[PDB]
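Peer 1: Here it is: the structure, laid out below.
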């Protein structure tokens, strides 16, 4: 029912955690994601009722993969002290680990880290309350057009099969970072209107109507999961957004259009064409412009808000 955001912290000038809680409450933002442990933040969110995804940082995967004691320590230090007052719902063990050159060094730690974090939750008696997954980039997807033909790249199938079985066994969601922006930027034969949810001819695929690129990308992931024998794993969109400066189509107007339209889309009952009828759990990337991101200028312009909490552009955060 309420939208989520990524609470990215890679800026040198961002608000206190308490101010961030107030900003989310004021704007009916009901879910948030952090990329790593942060006690000050989890403390600030106590009794806020905001649902929280806490990450294991990619650089922390090796420790928790290599030892159950380490994974137990991670849960006991970073999660257990804050639950249930802070409503932690998921641990996202790693971010964009697979099919990403910068993270190739961490790939061998991914699956054992997921499993050890799960065991650590069980050891803490938190397994009924908090589930475990990992956030994937779209680089894990091989074929994506048409969405019905979606597959995983051959190179990730082994890892992905293991991950999907884990998810099925634990009733845990696939977490996807999904950016029509990047798909469009890299292939200008895509219609910009389709990327933005603007009026555009729908794409009919096996009787299903794709009115926008977001739905097409998400459904390619669903088809890919089905192709590995997993038709019943839900998807949480851990990131989606559109930068407001730094490229021809990275503008105030386009970011405003994309994020307003995305919110209206995912909070509605539309669903996606393969899974219609229910809201899509989504975390906008990101709450603030983050002035230490880079190197490309677009990276510093993913915020719904400037660091002073002034909107970068107006956003309707609810269906009301």
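In PDB author numbering, the protein residues as written are 1 to 320. C-beta atoms are modelled at their ideal positions from N, C-alpha and C, and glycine is treated no differently.
Using CA coordinates, which residue listed in 108, 131, 109 is at the minimum distance from residue 119?
Peer 2: Against the chain shown, residue 119 aligns to sequence position 119. Out of 108, 131, 109, the CA that lies nearest to the CA of residue 119 is found in 131.
Peer 1: In whole angstroms, what is the alpha-carbon distance linking residue 38 and residue 220?
Peer 2: On the chain shown, position 38 is the one that residue 38 refers to. On the chain shown, position 220 is the one that residue 220 refers to. Distance between the alpha carbons of residue 38 and residue 220: 34 Å.
Peer 1: List, from N- to C-terminal side, the alpha helix (DSSP H) runs of 4 residues or more that fit wholly inside the region 58-88.
Peer 2: Those alpha helix (DSSP H) runs which fall completely within the region 58-88 and span 4+ residues are 61-66, 68-78.
Peer 1: How about residue 138: is its C-beta nearer than 8 Å to some C-beta of chain B?
Peer 2: Judged by its chain identifiers, the structure shown contains no chain B, having just a single protein chain.
Peer 1: Nearest to residue 247 by CA position, among 48, 184, 136, 135, is which residue?
Peer 2: Taking the first residue of the chain shown as position 1, residue 247 is located at position 247. Selected option, being the one with the closest Cα: 184.
Peer 1: What distance in whole Å lies between the Cβ atoms of residue 283 and residue 239, which are believed to be in contact at a cut-off of 8 Å?
Peer 2: Sequence index remark: in the chain shown, residue 239 carries index 239 (1-based). Sequence index remark: in the chain shown, residue 283 carries index 283 (1-based). Yes, residue 239 and residue 283 are in contact; Cβ-Cβ is about 6 Å, under 8 Å.
Peer 1: For the ligand NAD, is there any heavy atom lying closer than 7 Å to the beta carbon of residue 169?
Peer 2: Judged by which ligands are present, the structure shown has none, so any question about the ligand NAD falls away.
Peer 1: By Cβ distance below 8 Å, which residues in the same chain neighbour residue 319 in space, the five residues on each side in sequence not counted?
Peer 2: Position 319 of the chain shown, counted from the start, is the residue given in the question as residue 319. Answer for residue 319: 264, 267, 268, listed in chain order.
Peer 1: Roughly how many angstroms lie between the CA atoms of residue 28 and residue 90, to the nearest whole one?
Peer 2: In the chain shown, counting from the first residue as 1, residue 28 sits at position 28. In the chain shown, counting from the first residue as 1, residue 90 sits at position 90. Straight-line Cα distance between these residues: approximately 20 Å.
Peer 1: Quick check: residue 24 and residue 50, are their CB atoms within less than 8 Å of each other?
Peer 2: Locating residue 24 in the chain shown gives position 24, counting from the first residue. Locating residue 50 in the chain shown gives position 50, counting from the first residue. Taking 8 Å as the Cβ cut-off, residue 24 and residue 50 qualify as a contacting pair.
Peer 1: Ends of the beta strand (DSSP E) at residue 55?
Peer 2: What you label residue 55 is simply residue 55 of the chain shown in a count that begins at 1. Unbroken beta strand (DSSP E) run through residue 55: 51-56.
Peer 1: Looking at the structure shown, is residue 133 part of a helix, part of a strand, or coil, going by DSSP?
Peer 2: Along the chain shown, read from residue 1 onward, the residue named residue 133 stands at position 133. Reduced to three states, the DSSP call for residue 133 is strand.
Peer 1: Which first and last residues belong to the alpha helix (DSSP H) in which residue 194 is found?
Peer 2: What you label residue 194 is simply residue 194 of the chain shown in a count that begins at 1. Segment 192-196, the alpha helix (DSSP H) holding residue 194.
Peer 1: Is the region 71-84 touching the region 112-127, taking contact as three or more C-beta pairs under 8 Å?
Peer 2: yes
Peer 1: Does the beta-carbon of residue 292 have 16 or more other beta-carbons within 10 angstroms, so that it is buried, or is it exposed?
Peer 2: The count along the chain shown starts at 1 and reaches residue 292 at position 292. Looking at its Cβ environment, which holds fewer than 16 other Cβ atoms inside 10 Å, residue 292 is exposed.
Peer 1: For residue 6, which residues does DSSP report across the bridge?
Peer 2: Within the chain shown, the letter at position 6 stands for residue 6. Beta-bridge pairing links residue 6 to 33.
Peer 1: Taking C-alpha atoms, which residue in 31, 299, 79 lies nearest to residue 181?
Peer 2: Here residue 181 is taken as the residue at index 181 of the chain shown, counted from 1. It is 299.
Peer 1: When we look at the beta-carbon of residue 34 and count the other beta-carbons within 10 Å, is it buried (16 or more) or exposed?
Peer 2: Here residue 34 refers to the residue found at position 34 when the chain shown is read from its first residue. Its Cβ being crowded by 16 or more others within 10 Å, residue 34 is buried.
Peer 1: Tell me where the beta strand (DSSP E) around residue 205 begins and ends.
Peer 2: As a working note, residue 205 is residue 205 in the chain shown. Note, residue 205: beta strand (DSSP E), 203-205.
Peer 1: Is it right to say residue 113 is buried, meaning 16 or more other beta carbons lie within 10 angstroms of its own, or is it exposed?
Peer 2: Within the chain shown, the letter at position 113 stands for residue 113. Buried.
Peer 1: Just reading off the alpha helix (DSSP H) that residue 159 is part of, what are its end residues?
Peer 2: Stepping through the chain shown from its first residue, residue 159 is reached at position 159. Where residue 159 is concerned, the enclosing alpha helix (DSSP H) stretches over 157-170.
Peer 1: Quick check on the DSSP output: the alpha helix (DSSP H) that includes residue 266 runs from which residue to which?
Peer 2: By 1-based counting over the chain shown, the position of residue 266 is 266. In the DSSP assignment, residue 266 falls within the alpha helix (DSSP H) that extends over 252-267.
Peer 1: Please name the residue, chosen from 222, 162, 303, that lies closest to residue 260 on a Cα-to-Cα basis.
Peer 2: Residue numbering aside, residue 260 sits at position 260 when the chain shown is read from its first letter. Per the Cα distances, 303.
Peer 1: Would you check if the distance between the CB atom of residue 227 and the CB atom of residue 151 is smaller than 8 Å?
Peer 2: Translated into positions along the chain shown, residue 227 becomes position 227. Translated into positions along the chain shown, residue 151 becomes position 151. With contacts defined as CB atoms closer than 8 Å, residue 227 and residue 151 qualify as a contacting pair.
Peer 1: Compute the distance between the beta-carbons of residue 117 and residue 75, then report whether it is under 8 Å.
Peer 2: Working through the chain shown from its first residue, we reach residue 117 at position 117. Working through the chain shown from its first residue, we reach residue 75 at position 75. Cβ distance < 8 Å, so residue 117 and residue 75 count as in contact.
Peer 1: Looking only at its chain, what residues have a beta carbon closer than 8 Å to the beta carbon of residue 85, apart from the 5 residues adjacent to it on each side?
Peer 2: Within the chain shown, residue 85 is the residue found at index 85, counting from 1. Counting only Cβ-Cβ distances below 8 Å, and skipping sequence neighbours, we find 46, 47.
Peer 1: Along the chain, where does the alpha helix (DSSP H) containing residue 208 start, and where does it finish?
Peer 2: Translated into positions along the chain shown, residue 208 becomes position 208. Run containing residue 208: none in the alpha helix (DSSP H); it sits in the beta strand (DSSP E), 208-210.
Peer 1: In terms of residue numbering, what span does the alpha helix (DSSP H) encompassing residue 226 cover?
Peer 2: Residue 226 sits at position 226 when you count from the first residue of the chain shown. That run of the alpha helix (DSSP H) goes 213-227.
Peer 1: Classify residue 175 as helix, strand or coil using the three-state DSSP reduction.
Peer 2: Translated into positions along the chain shown, residue 175 becomes position 175. Strand.
Peer 1: Can you tell me whether residue 245 is helix, strand or coil according to DSSP?
Peer 2: The count along the chain shown starts at 1 and reaches residue 245 at position 245. Residue 245: coil per DSSP, three-state reduction.
Peer 1: Measure the alpha-carbon distance for residue 279 versus residue 236 and round it to whole angstroms.
Peer 2: Start at 1 with the first residue of the chain shown, and residue 279 comes out as number 279. Start at 1 with the first residue of the chain shown, and residue 236 comes out as number 236. A straight line joining the alpha-carbon of residue 279 with that of residue 236 spans about 10 Å.
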